[PDB]
Every structure is written in C-alpha cells, then in structure tokens.
C-alpha cells in the first residue's frame, strides 16, 4: 500500500481522510442520490464498499434489519472471493481468522461392519496453482463487518440507513434527472410506519430471494422447485470423530451429512440432509449418521432449515429487450445476488457468486455516473452476469447425478466452486482472443490469474495481480519482449511513448485534466530481465509517474520475474511469447478484457474509444 503521498498522515493509513465532496451521514435518507442500494447482505455491502471509494458519487444503502448481523447464514469463502477481498485490502485479516479448507474427506458405510461409517477418500481441496489464496470458512457477519469498516473509513464515510424496508421502485422514463422513485417504510418502533421517498439516478436491488426490487420491475425467478432441503446447525460440540476439523462429506444409511469446520477451531457447522423440524431432531440424525463416533452438543449458536430451488431471472435490469442493442432503452434499475439467481445448496456457491455480481456492476456505475463511459456500458452487467449464472445452472443441472468422466466433472466443479471458472464470451468488453498465444496463461474473459514477480525499485517479491485493487481503475499489464529494454524503438517502451505522447492515446483521451496520469489506466510493466538489470533512471516517466500534490514518484509500476527460485518465472508460468511480449488489458473487476500485441496501438485506442468518453 502507498501513503503519505501528499504529506505525512498519522495513524492507520487504511483510514482515508474524509472527502469534502461527501456530505455527512444524516438521520433521514437523503431526498436525492446517485445510487440507492437495497439490502446490506453480501451483494449490497460489496457494491457499497466499491462505491464508497468514490466520494463524488452520492450513494445510499438501506436495510430493513435494524443493525448489522452478528451471525450469518453463509460461511464459505471461495479462492476467487479471497482475491476480491485482497482488492479491498482485507484478505489478510480474513486469512488469519477464517478456518482454511485444505483437504475434504469422504466417509461412507463400512463394507464389513453394519451401521458404521469409515473414511473412504480424501482430496486436496484446491488444486496446485489454482489461486494464491486458499478456500476458507468464515461467518458471513464478519465479512459484512469488514465491508462496513471499509465503507466507514473510505473518503465517503458511508454507512447504512437501517430499519428501512423498500416497498416500491418506479422509473419515470420522462424525467430529466433522478428518474427512479423509491418508496420506503421505516421499521423501527420510533418511526414505525413512517414513509420516506428517495429519487435516484440508479437503484440496485441486492435484497435477496424475496426481493421487492425484482418484483417492482416485473422480473421473476424462473427455475425448478427446491431440489432438496437441508437442516443446518452451528454447534459447539465434543466428538471423537477424527475428521471433524476437515470439510467432510458423509454418506450413511442413517442419512447424509456435510461437515464444515468453522472459524476459531471449535465451532462446527453440520448440514443434515432432509426431505416440525427441531434442532434436537437434527442432532439425533447427525448422531445416528456419525455412529460409532459420539457427538455431544454443548451449545447451538444457530440453526435453520436451508431449502431453495435453482432459479434465475431472464434479465438483471429493467430493460425489456432480451439482448440489448444501441437502440434499446438504457437501464435504470438492476438486481444482484439472490434477488436474481438462487443456486442449489449442491452448487456450493454460497454468497460467493452474489458478490461477484456487485463487483461487476460497481465500477461500471461509477464510470457512467462520472461521464467517463457511455451509459450503454451498463447493458453488459446483465449480459455478462445472467449468462454465466445460467451456464453455471446448466452445469450443476447435469452435475446432478464414465468413471474418468466423473473425475472430469469433479475437477470442473472444483474450478467453478473456487470461483475461477467464469469466462465471459466476446462482447463490447471482451475480445475474441485471436492473439491469445501472446500470453496463453491469461485467458481472455477470465479473471487475471496472478503470479509472482519482483518489484524493481526495491526487490520486493509480490503477486502481480495484487496491483489490481478495487479502485475502479483499468489495468494494463505490459509484458516486454526479450529485446525491449535494449531496443526502445518498438515493443513496450514504444507503447509507453505512444500512451503518454500521442493525442489518440486512450490515456490522453480519457484521463480527466488535472488527475494523476494513472488515475484511469494503471500501467504496470514486466520485463523478463532480472530486476538488477532494469535501470529505472533510464525508463519513460510514464513508468515512474509523479502523482499527487507534491509530485512524488510512484516506484511500483516496474517489475521483473522471480529468477531466484526455480520455476517461478512469470514468463514461463503464464505462457508469455518471449519474442513478441504481450499487453494484457484488465478491467476494474480483475477480468481480462484483451491480450493484444504491444505494437497494435490502433486496436488499443479503438477498444477504449468504443465505450469511454473524452
């Protein structure tokens, strides 16, 4: 992290100075806002945390509950989700508190012994090289706590307006501004029944399975009925079952159970398959399933009956057209998370997929509100997120049931549950991949698979993808050709010359006057030479850019590979064409948009000209 850019600032640097652009939080909900977010669940808080970074945007998030939750329903945190948490700068804390899932063990009835289970298998939960983060388990409420802290400490000093139930949402297609009218009812005793009305430019329903926003815009969850029903209980118990601290799938003649070890080393969650349910019944069933192993429950902090069918909305916004074109009406209301797609418990997605909906939408709304991107960009939210959620359902539709074909489905299921399987098809934002071989390890349309590199300014070993923070900026990862440092006339250095000095450059065309040169496009250069061979003093100013009020130099734009440790060279690991180099264009949500030749300046310009505004 970088700080003290404009002068010494005492205290925790993660606490940003309050921006004068963001009015102080008021007891009453403001009369007009840029974005009204409905629901403080994972989807809403992810979106709020993202928008909190932009104090010039007036964001209001409402929640019917009267305050933050202390114990949540979800607890699974996927590898790709941890990568997003790193973008929000709190992955470290989650890693220290959460229960890591390293192995998953499988138990089944013992062939030579009646009414007893025995261990039948064990698998490494996350395949080697899949992600730099592990899969972990942590009370949903703690994730909310981190987002709320991020919102509070942001320049916006954003905090929720609790005890507010959104009753209706209406779009006035003839309105000049703030065309969306939201009606809310105050739920606390002190204001019970009081009605509040808010006018907004955009509204996002992150209000869950029974979303009133979805209903307001006439969308409906289409799918199959509750495929199954699960009794779920978080317990503090004593057992002699040896695998209780692992994630465990148990099949027995007494019923099926899934064990999810919880944060703290003691709490454990049991999913008991079912279909007047009491916790006593759930416990009794788990005991019968675990026999001969004993289970003595001392305390049950929470339990419930988790049952939901797989359903999905045909569209995630208020635009009727199934597939939008340049003449379709522009969207004003969006729905994210469970409000538009519910995945069966089998899917194993938990709250992970819902938060990716918000991470997709956040930067787009910010860019459009700031007049940096055409409103048409907003159509890509539904077209990207609805499609991948439906494709996921199609897969889990069949995954619901040769021996090497099963292992294949098992492996794919692992990539999907880890959240790294998302692959957007060609579109306004995603290329066709005709130059994929320039960087074969950075698949166009998929998330930027981070790899180690060494920072040239100080030899620090770092993960390249961690340059991608949740600050709304696009990233340009330029991997230099072998002779680029020695031959500035072409390749990487020529690209830099073009970006900084050519009027047609997207950097010159789209970076607002007066802002830092890397405020829209975050360019990072990676050379194949050892860090000791890259002379910073000889590089273009674009790669050692001054920024802020004092013109301080940003020394973190230049990297080399890890050449000390065998097999850790990113050019090898990510299949970079060494003789040609490659430009990997990454969106603010960390998804790869393009893999282009370093010298195709015209294509780079044309890409951004297609949706950004000068």
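Positions refer to the first chain, counted from 1.
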- Interresidue gap class [residue 97, residue 98; deposited sequence, unmodelled]: none
- Query: Per the record, how many residues of the deposited chain fall between residue 173 and residue 174 without being modelled: none, 1 to 3, 4 to 9, or 10 or more?
  - Reply: none
- Message: Per the record, averaged over C-alpha atoms, which has the higher B-factor: 279 to 287 or 357 to 365?
- Response: 279 to 287
- Query: Looking only at CA atoms, which has the higher mean B factor in the entry: 565 to 573 or 585 to 593?
  - Reply: 565 to 573
- Between 452, 348, 472, 261, where does the Cα B-factor run highest in the record? 348
- Message: Checking the record values for 159, 86, 537, 243, which has the greatest CA B factor?
- Response: 537
- Message: When the deposited Cα B-factors of this chain's modelled residues are ordered and cut into thirds, is residue 30 in the lowest, the middle or the highest one?
- Response: highest
- Query: Within this chain, which third does the Cα B-factor at residue 441 fall in: lowest, middle or highest?
  - Reply: lowest
- Split the chain's modelled residues into thirds by Cα B-factor; is residue 149 in the lowest, middle or highest one? lowest
- Message: Split into thirds by Cα B-factor across the chain's modelled residues, where does residue 602 land: lowest, middle or highest?
- Response: middle
- Message: Quick check for you: using the entry's CA B-factors within this chain, is residue 426 in the lowest, middle or highest third?
- Response: lowest
